[PDB]
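Undergrad: Just dropping this structure here.
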Amino acid sequence: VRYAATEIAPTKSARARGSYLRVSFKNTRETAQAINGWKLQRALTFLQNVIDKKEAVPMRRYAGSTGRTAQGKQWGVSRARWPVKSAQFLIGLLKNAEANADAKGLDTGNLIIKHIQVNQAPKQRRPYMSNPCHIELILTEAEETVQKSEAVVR
Amino acid sequence: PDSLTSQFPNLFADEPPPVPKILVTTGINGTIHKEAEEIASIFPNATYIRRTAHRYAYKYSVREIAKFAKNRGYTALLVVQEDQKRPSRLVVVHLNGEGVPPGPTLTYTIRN
Amino acid sequence: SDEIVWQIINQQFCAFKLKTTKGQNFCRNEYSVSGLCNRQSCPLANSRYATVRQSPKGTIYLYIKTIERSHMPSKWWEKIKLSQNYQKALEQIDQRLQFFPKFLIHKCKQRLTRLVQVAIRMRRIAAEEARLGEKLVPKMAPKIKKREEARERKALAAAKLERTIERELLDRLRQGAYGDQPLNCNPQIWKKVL
Amino acid sequence: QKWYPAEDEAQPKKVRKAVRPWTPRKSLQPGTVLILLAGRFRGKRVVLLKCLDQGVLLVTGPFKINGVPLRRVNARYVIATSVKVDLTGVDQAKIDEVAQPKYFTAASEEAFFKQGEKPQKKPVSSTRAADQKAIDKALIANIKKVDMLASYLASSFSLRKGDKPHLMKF
Amino acid sequence: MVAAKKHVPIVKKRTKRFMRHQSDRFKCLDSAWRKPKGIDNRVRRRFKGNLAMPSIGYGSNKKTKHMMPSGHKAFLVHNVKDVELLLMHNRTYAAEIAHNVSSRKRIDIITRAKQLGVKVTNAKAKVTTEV
RNA sequence: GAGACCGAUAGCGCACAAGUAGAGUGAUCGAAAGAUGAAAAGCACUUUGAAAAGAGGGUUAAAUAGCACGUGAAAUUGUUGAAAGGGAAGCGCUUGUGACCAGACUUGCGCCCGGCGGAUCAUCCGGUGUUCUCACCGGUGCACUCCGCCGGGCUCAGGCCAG
RNA sequence: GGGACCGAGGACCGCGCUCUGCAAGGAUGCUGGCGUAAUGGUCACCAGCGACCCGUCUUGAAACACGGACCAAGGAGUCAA
Ligand SMILES: [Zn+2]
């Protein structure tokens with residue numbers, strides 16, 4: 001039979017969740033896709049630069065023609081914006097998972113974001129509807145490989 | 001533990017056999033050959049033999065194979081029982097040596 | 001009034017009738033030569049009838065029903081022991097179901113045939129199951145399986161498995177379990193340990 | 001037999017299909033060189049000995065010329081070639097012996113422990129090798145007399161460019 | 001020799017389900033067959049390249065109707081008394097244990113069918129083998 | 001006191017804050033909204049941090065039952081994996097490739113020889129019930145007969161696809 | 001003489017013939033292969049051919065007009081005289 005790819009061990013992992021966050025789902029989905037599969041320190045610098053209006057977030061799926069700056073040359077996408085609240089909610093979620101990893105005894109300088117996922121929260125019932133979101137994310141240490149012994153003949 | 005040594009003299013004796021010889025087989029007319037061979041690679045000096053050759057072959061019992069492998073010189077006999085074409089139970093039988101009978105049988109459950 | 005009894009059973013209702021979607025109907029009466037709801041093998045519609053049954057002591061009996069005692073269902077069937085010799089047992093049916101409908105003579109021999117081969121088939125698979133010693137047992141109940149799936153999840157977190165392996169491996173290097181000049185480690189690493 | 005028929009399984013009716021002898025084609029004669037087209041000896045030229053029943057043909061190489069032993073083959077899987085060799089001196093009694101159907105036809109510790117192992121290649125029998133030599137002894141001596149037949153029978157048949165089998169005369 | 005009786009070869013005239021028209025496009029329409037009733041419906045007038053309709057010409061052979069690939073007809077069984085109804089028909093029918101039968105009652109059915117020589121379709125659902 | 005009634009878009013508008021909340025100057029109009037668990041045992045304590053939120057840990061048979069709470073469909077959405085594509089593609093017939101899943105006849109009977117044991121064997125004894133000639137027990141034994149079991153020997157029948 | 005497709009039925013019964021049995025009221029014989037896979041199913045994709053809007057309602061014509069964003073639940077010949 002087939003066997004699915006098993007989960008990396010929980011003591012090598014670190015989890016963080018955010019539910020019912022009053023933040024736009026289309027913007028947070030585009031912000032989370034920008035930093036998926038990055039280093040932890042790489043992501044915290046990028047999301048802080050988005051806060052300080054330095055580096056822009058490309059818009060790919062939920063893309064609206066708002067800005068066309070030269071900062072999109074590093075992504076290849078001609079549409080860019082600056083999600084501030086989406087960066088702030090994702091920063092506090094990444095810092096939460098960094099604190100969780102240190103409680104579990106993980107190496108702070110070598111987490112990567114292997115899993116980020118944005119869902120939709122229930123709509124806030126007020127003709128105008130808000131679009132909140134759920135966010136969950138998992139950090140793990142980089143895969144460490146050790147050397148093999150030379151095989152012994154007998 | 002004095003109660004354990006008297007009840008099971010073979011496991012808790014002075015000196016075990018130096019190089020244990022282990023035989024791994026499957027459930028009867030099993031289909032988990034790749035899973036049992038990897039379990040055979042877990043324990044050093046272990047060989048895998050399928051329980052039944054063909055679908056319409058002789059239906060050897062665990063009691064028989066324990067007698068057959070003890071004659072050849074094996075130390076333990078392992079049977080991996082399958083459910084849903086996946087390993088589900090591990091039966092560990094201790095064949096021992098010389099004159100003492102095949103010792104305790106420990107059945108386990110392989111879940112994940 | 002055997003035809004009238006058949007009209008009520010067949011068209012309206014019978015308590016022994018099992019209806020399948022496969023095209024054949026089945027009779028649940030224990031006194032039926034063939035478990036089918038046809039006219040020739042109804043114990044109810046046929047005032048004179050024969051069947052073959054097996055006692056749990058292993059004795060095969062021939063049950064004969066006559067019309068002259070049909071008003072008393074307690075004294076209805078007469079039980080007649082059949083021989084273990086197969087060709088002799090077939091002759092008792094021919095002798096005792098004399099002047100009966102050919103269907104009832106035929107289906108009593110076939111029911112005799114099936115019951116004798118089942119006993120041989122019973123003794124063969126009992127001998128094989130006593131040889132293997134394997135027995136079918138129920139699997140784990142849904143609630144117990146839900147319990148061990150939940151408590152294994154908590155045990156896996158509480159184990160902290162790769163931390164415990166590292167903790168125990170570093171314990172043995174400290175305590176000198178690997179011996180002097182180990183093939184386990186790197187000599188510039190042992191000089192750190194002193 | 002022993003049992004009464006326990007079901008309504010009807011017997012088959014009496015079929016009207018009598019077995020009659022197979023009539024081979026006129027091109028198949030004892031001594032005809034044949035070209036094998038299928039099997040493990042495909043493309044090899046061999047010499048026919050006897051026409052058996054139901055389209056089977058008893059054929060030898062002989063073994064010292066090409067490598068094909070005493071064997072059976074089906075008529076439709078072979079091609080007959082116009083060259084015919086002499087069988088003077090070949091033992092018809094020995095050929096009639098190797099033409100029998102029985103000739104080419106035929107729980108413990110060791111049974112359990114050889115489950116999954118590839119069986120070893122059993123060698124040739126004494127009678128199989130001896131009967132081969134007895135049949136071929138008068139055969140290749142016949143083959144040497146006709147010029148270039150030895151290299152013909154040791155060779156393998158193949159098709160070149162422009163070789164159209166509907167126009168080739170065999 | 002424990003198998004089904006001698007049966008003529010099973011020929012299925014069509015192995016594919018008749019699917020309702022436009023059921024692939026609209027999720028509200030289930031795939032269960034409904035005959036089209038519009039007078040300009042291209043399926044109804046039976047133009048080429050469209051879905052065929054069910055018809056009595058697709059009907060299977062009466063000798064092999066309701067027969068499993070092994071040659072048996074399925075028999076739904078709820079307890080041990082139902083298997084014994086198959087004592088005389090162990091070559092024509094096969095025991096299909098109902099889905100709401102418990103674990104223990106299934107083993108009683110499976111033991112009984114082996115003694116009677118009756119094939120079981122689902123003999124490994126809630127059971128396991130212990131040595 | 002009842003029912004071949006309805007079962008939370010049903011049944012009275014209202015199973016619950018219901019002529020309530022809300023609208024209109026007013027006469028009047030008038031909703032939505034049931035279900036944790038057997039028991040709150042309704043998450044102590046550690047640690048993030050400004051929150052209707054996490055990570056540990058605990059209660060419980062179960063917390064993927066945590067006062068967003070039985071089950072938890074579809075539309076719709078995100079992540080992971082496979083494949084494809086550039087105004088394509090979608091449906092019908094027919095193969096091919098890859099992935100996953102399943103797993104074919106359920107695989108047996110019959111003779112001969114030796115030993116062992118039970119019987120429906122013995123014109124054996126005793127008892128019980130019966131439809132009054134049929135069944136069932138208890139005790140005897142192996143001259144005959146018949147069944148099993150064990151140990152040898154032999155034969156036959158077996159599902160499907162080719163040629 | 002060469003080739004293709006097919007083998008329905010299932011004790012005997014009939015008409016016959018080249019009469020120790022036959023080609024005469026429907027296929028048997030021999031040999032081989034088949035369980036770490038014979039043989040199927042589902043999904044995805046490529047390929048050849050075909051077709052490419054449904055219900056209503058008119059027309060010589062639907063290439064007219066009306067309805068259709070999607071999904072769940074509700075929803076229309078009933079009961080009395
Ligand atoms: Zn009936």
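The way I read the labels, and the way they are meant: chains A, B, ... in the order of the structure tokens, residue 1 as the first residue of every chain, and ligand 1 as the first ligand shown, with later ones counted on from there.
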Near chain A, meaning an atom within 9 Å, which residues of chain F appear when counting only C-alpha atoms (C1' of nucleotides)? Write them as JSON, numbers by chain.
TA: {"F": [47, 48, 49, 52, 53, 54, 55, 56, 77, 78, 79, 80, 100, 101]}
Undergrad: Could you tell me, counting only C-alpha atoms (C1' of nucleotides) and all ligand atoms, which protein and nucleic acid residues lie no more than 8 Å from ligand 1, written as a JSON list (two decimals) with N, CA and C atoms, in the first residue's frame?
TA:
[["chain", "number", "residue", "atom", "x", "y", "z"],
["C", 6, "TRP", "N", -52.69, -22.77, -0.01],
["C", 6, "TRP", "CA", -51.63, -22.24, -0.86],
["C", 6, "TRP", "C", -51.99, -20.85, -1.38],
["C", 9, "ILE", "N", -51.19, -18.38, 1.44],
["C", 9, "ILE", "CA", -49.76, -18.27, 1.71],
["C", 9, "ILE", "C", -49.05, -17.57, 0.57],
["C", 10, "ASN", "N", -49.29, -18.01, -0.67],
["C", 10, "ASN", "CA", -48.54, -17.48, -1.80],
["C", 10, "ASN", "C", -48.92, -16.05, -2.13],
["C", 14, "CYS", "N", -47.10, -15.09, 4.25],
["C", 14, "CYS", "CA", -46.58, -16.21, 5.00],
["C", 14, "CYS", "C", -45.53, -15.69, 5.96],
["C", 16, "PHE", "N", -43.08, -17.36, 7.11],
["C", 16, "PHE", "CA", -41.80, -17.99, 6.81],
["C", 16, "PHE", "C", -41.22, -17.55, 5.48],
["C", 17, "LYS", "N", -41.82, -16.57, 4.83],
["C", 17, "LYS", "CA", -41.40, -16.18, 3.49],
["C", 17, "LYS", "C", -40.32, -15.12, 3.57],
["C", 26, "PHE", "N", -37.53, -17.53, -0.72],
["C", 26, "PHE", "CA", -36.97, -18.48, 0.23],
["C", 26, "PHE", "C", -37.98, -18.77, 1.34],
["C", 27, "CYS", "N", -37.96, -20.00, 1.83],
["C", 27, "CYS", "CA", -38.83, -20.43, 2.92],
["C", 27, "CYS", "C", -38.01, -20.59, 4.18],
["C", 36, "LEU", "N", -37.14, -22.87, -0.34],
["C", 36, "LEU", "CA", -37.74, -22.12, -1.42],
["C", 36, "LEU", "C", -39.25, -22.13, -1.24],
["C", 37, "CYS", "N", -39.90, -21.05, -1.64],
["C", 37, "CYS", "CA", -41.35, -20.95, -1.51],
["C", 37, "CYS", "C", -42.05, -21.30, -2.83],
["C", 38, "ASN", "N", -41.88, -22.54, -3.24],
["C", 38, "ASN", "CA", -42.67, -23.09, -4.32],
["C", 38, "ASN", "C", -43.72, -24.03, -3.76],
["C", 39, "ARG", "N", -44.65, -24.44, -4.63],
["C", 39, "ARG", "CA", -45.79, -25.24, -4.19],
["C", 39, "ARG", "C", -45.36, -26.64, -3.78],
["C", 42, "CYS", "N", -43.71, -26.77, 0.10],
["C", 42, "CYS", "CA", -44.25, -26.02, 1.21],
["C", 42, "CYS", "C", -44.69, -26.99, 2.29],
["C", 43, "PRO", "N", -44.13, -26.91, 3.50],
["C", 43, "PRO", "CA", -44.63, -27.76, 4.59],
["C", 43, "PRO", "C", -46.06, -27.45, 4.98],
["C", 44, "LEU", "N", -46.54, -26.23, 4.71],
["C", 44, "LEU", "CA", -47.87, -25.83, 5.12],
["C", 44, "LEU", "C", -48.92, -26.28, 4.12],
["C", 45, "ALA", "N", -48.68, -26.01, 2.83],
["C", 45, "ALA", "CA", -49.68, -26.30, 1.82],
["C", 45, "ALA", "C", -49.79, -27.79, 1.55]]
Undergrad: When DSSP is applied to the backbone of this structure, which of segment 1-109 of chain B are assigned alpha helix (DSSP H)? Write them out as a ChimeraX atom specification.
TA: /B:2-7,33-42,62-72
Undergrad: What are the residues of chain B that have an atom within 8 Å of an atom of chain C, counting only C-alpha atoms, as a list in words?
TA: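 Close enough to count are residues 59, 60, 61, 62 and 63 of chain B.
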Undergrad: Per residue of chain D within 10 Å of chain B, what are the shortest atom pair and its distance in Å to one decimal, counting only C-alpha atoms, with rows by chain and residue number, as CSV?
TA:
residue,atom,partner,partner_atom,distance
D:107,CA,B:58,CA,7.1
D:108,CA,B:68,CA,8.4
D:109,CA,B:68,CA,6.1
D:110,CA,B:68,CA,9.4
D:111,CA,B:58,CA,9.5
D:112,CA,B:51,CA,7.9
D:113,CA,B:49,CA,7.2
D:114,CA,B:49,CA,8.5
D:115,CA,B:53,CA,5.5
D:116,CA,B:53,CA,6.8
D:117,CA,B:49,CA,9.4
Undergrad: How would the residues just chosen look if you wrote them out with N, CA, C and O atoms as a JSON list (two decimals), in the first residue's frame?
TA:
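Output (part-v3.json):
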[["chain", "number", "residue", "atom", "x", "y", "z"],
["D", 107, "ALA", "N", 5.13, -31.50, 2.79],
["D", 107, "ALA", "CA", 5.28, -30.52, 3.85],
["D", 107, "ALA", "C", 6.36, -30.95, 4.84],
["D", 107, "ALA", "O", 6.18, -31.94, 5.55],
["D", 108, "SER", "N", 7.47, -30.22, 4.88],
["D", 108, "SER", "CA", 8.62, -30.66, 5.66],
["D", 108, "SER", "C", 9.49, -29.46, 5.99],
["D", 108, "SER", "O", 9.07, -28.31, 5.86],
["D", 109, "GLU", "N", 10.71, -29.74, 6.47],
["D", 109, "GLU", "CA", 11.71, -28.69, 6.66],
["D", 109, "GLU", "C", 12.07, -28.05, 5.33],
["D", 109, "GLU", "O", 12.03, -26.82, 5.19],
["D", 110, "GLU", "N", 12.43, -28.87, 4.34],
["D", 110, "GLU", "CA", 12.97, -28.34, 3.10],
["D", 110, "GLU", "C", 11.89, -27.67, 2.27],
["D", 110, "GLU", "O", 12.19, -26.77, 1.47],
["D", 111, "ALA", "N", 10.64, -28.08, 2.44],
["D", 111, "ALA", "CA", 9.56, -27.47, 1.68],
["D", 111, "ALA", "C", 9.30, -26.04, 2.15],
["D", 111, "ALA", "O", 9.03, -25.15, 1.33],
["D", 112, "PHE", "N", 9.37, -25.81, 3.46],
["D", 112, "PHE", "CA", 9.09, -24.48, 3.98],
["D", 112, "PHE", "C", 10.25, -23.53, 3.74],
["D", 112, "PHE", "O", 10.03, -22.34, 3.47],
["D", 113, "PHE", "N", 11.48, -24.00, 3.86],
["D", 113, "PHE", "CA", 12.61, -23.09, 3.80],
["D", 113, "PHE", "C", 13.00, -22.73, 2.37],
["D", 113, "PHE", "O", 13.73, -21.75, 2.19],
["D", 114, "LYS", "N", 12.53, -23.47, 1.38],
["D", 114, "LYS", "CA", 12.72, -23.09, -0.02],
["D", 114, "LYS", "C", 11.52, -22.36, -0.59],
["D", 114, "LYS", "O", 11.22, -22.50, -1.78],
["D", 115, "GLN", "N", 10.81, -21.58, 0.22],
["D", 115, "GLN", "CA", 9.72, -20.76, -0.28],
["D", 115, "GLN", "C", 10.24, -19.40, -0.69],
["D", 115, "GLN", "O", 10.71, -18.62, 0.15],
["D", 116, "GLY", "N", 10.15, -19.10, -1.98],
["D", 116, "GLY", "CA", 10.63, -17.86, -2.54],
["D", 116, "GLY", "C", 11.96, -17.96, -3.26],
["D", 116, "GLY", "O", 12.31, -17.05, -4.01],
["D", 117, "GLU", "N", 12.70, -19.05, -3.06],
["D", 117, "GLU", "CA", 13.98, -19.23, -3.72],
["D", 117, "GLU", "C", 13.78, -19.65, -5.17],
["D", 117, "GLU", "O", 12.85, -20.39, -5.51]]
Undergrad: With a distance threshold of 8 Å and counting only C-alpha atoms, extract the residues of chain C near chain A and express them as a list in words.
TA: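 Close to chain A, chain C has residues 157, 160, 161, 162 and 163 of chain C.
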Undergrad: Just give me the gap between atom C1' of residue 59 of chain G and atom CA of residue 40 of chain E in Å, one decimal is fine.
TA: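 We find that atom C1' of residue 59 of chain G and atom CA of residue 40 of chain E lie 13.9 Å from each other.
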Undergrad: Compare D:28, D:80, D:46, D:6 by their minimum atom-to-atom distance to chain E, counting only C-alpha atoms, and give me the closest one.
TA: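 The answer is D:6, which sits nearest to chain E.
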Undergrad: Hey, could you make a per-residue contact list for chain C against chain D with 12 Å as the cut-off, showing the nearest pair of atoms and its distance in Å to one decimal, counting only C-alpha atoms, sorted by chain and number, as CSV?
TA:
residue,atom,partner,partner_atom,distance
C:34,CA,D:7,CA,10.7
C:85,CA,D:2,CA,11.6
C:86,CA,D:3,CA,8.6
C:87,CA,D:2,CA,8.5
C:89,CA,D:4,CA,11.6
C:90,CA,D:4,CA,8.9
C:106,CA,D:4,CA,9.5
C:107,CA,D:6,CA,8.7
C:108,CA,D:6,CA,10.1
C:109,CA,D:4,CA,7.1
C:110,CA,D:6,CA,4.7
C:111,CA,D:6,CA,7.4
C:112,CA,D:6,CA,8.7
C:113,CA,D:6,CA,6.0
C:114,CA,D:6,CA,6.4
C:115,CA,D:6,CA,10.1
C:116,CA,D:3,CA,9.8
C:117,CA,D:3,CA,9.4
C:118,CA,D:6,CA,12.0
Undergrad: What's around segment 12-22 of chain G at 9 Å? Count only C-alpha atoms (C1' of nucleotides), leave out sequence neighbours fewer than 3 positions away in its own chain, and write the answer as a PDB file with N, CA and C atoms (P, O5', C5', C4', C3', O3' and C1' of nucleotides), in the first residue's frame.
TA:
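Here's the written file result.pdb:
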ATOM      1  N   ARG D  16     -21.357 -34.716 -30.771  1.00  0.00           N
ATOM      2  CA  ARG D  16     -21.031 -35.456 -31.988  1.00  0.00           C
ATOM      3  C   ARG D  16     -19.751 -34.922 -32.625  1.00  0.00           C
ATOM      4  N   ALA D  18     -16.219 -36.610 -33.257  1.00  0.00           N
ATOM      5  CA  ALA D  18     -15.260 -37.702 -33.227  1.00  0.00           C
ATOM      6  C   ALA D  18     -13.874 -37.198 -33.597  1.00  0.00           C
TER       7      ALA D  18
ATOM      8  P     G G  25     -27.915 -32.521 -37.165  1.00  0.00           P
ATOM      9  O5'   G G  25     -28.030 -32.985 -35.650  1.00  0.00           O
ATOM     10  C5'   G G  25     -29.240 -33.485 -35.121  1.00  0.00           C
ATOM     11  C4'   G G  25     -30.130 -32.379 -34.614  1.00  0.00           C
ATOM     12  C3'   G G  25     -29.941 -31.960 -33.165  1.00  0.00           C
ATOM     13  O3'   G G  25     -28.892 -31.026 -32.989  1.00  0.00           O
ATOM     14  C1'   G G  25     -32.246 -32.272 -33.629  1.00  0.00           C
TER      15        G G  25
END
Undergrad: Counting only C-alpha atoms (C1' of nucleotides), which of G:72, G:49, G:40, G:77 gets nearest to residue 69 of chain E?
TA: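 When distances to residue 69 of chain E are compared using only C-alpha atoms (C1' of nucleotides), the smallest one comes from G:40.
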Undergrad: Residues of chain B within 10 Å of chain E, counting only C-alpha atoms, what are they? List them as a list in words.
TA: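 That gives the following set of residues: residues 27, 28, 61, 62, 63, 79, 81, 82, 83, 84, 88, 89, 91 and 107 of chain B.
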Undergrad: Please identify all residues of chain C having at least one atom at most 9 Å from any atom of chain F, considering only C-alpha atoms (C1' of nucleotides), and return them as a ChimeraX atom specification.
TA: /C:69,75-85,143-144,146-147,150
